[PDB]
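Read through the structure below, which is laid out as structure tokens, and then see the notes.
As a convention, Cβ positions derive from the backbone with ideal geometry for all residues, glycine included, and neighbour counts pool all protein chains shown. Laboratory data are not the source of any read-out in this text; all were calculated from the coordinates shown.
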Amino acid sequence: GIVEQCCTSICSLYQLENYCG
Amino acid sequence: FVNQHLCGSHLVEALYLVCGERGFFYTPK
């Protein structure tokens with residue numbers, strides 16, 4: 001999930017936007 | 001600011017800034 005993608009690995013705008021409403 | 005390791009409050013802040021009025025869901029577990 002988001003922690004595995006953005007915290008324990010390097011985040012990306014692409015990924016963050018997957019979590020927007 | 002988004003292309004780095006972002007944990008805890010730093011991740012929430014990035015979601016806030018990116019998503020704007022769309023809002024977001026933060027599910028760490």
| query | Which residues, taken from chain B, are facing chain A (nearest Cβ under 7 Å) and in contact with a strand residue (DSSP E or B) (Cβ under 9 Å, 6 or more places away or on another chain)? | reply | B:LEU15, B:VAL18, B:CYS19, B:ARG22, B:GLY23, B:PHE24, B:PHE25
| field | Selection within chain B - part of a loop (DSSP other than H, G, I, E, B) and of a type in the set (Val, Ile, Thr) | value | B:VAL2, B:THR27
| task | Select from the range B:1-14 the residues that are over 14 Å from A:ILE10 (Cα atoms) and surrounded by 13 or more Cβ atoms within 10 Å (Cβ to Cβ) and list them in ascending order. | result | B:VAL12
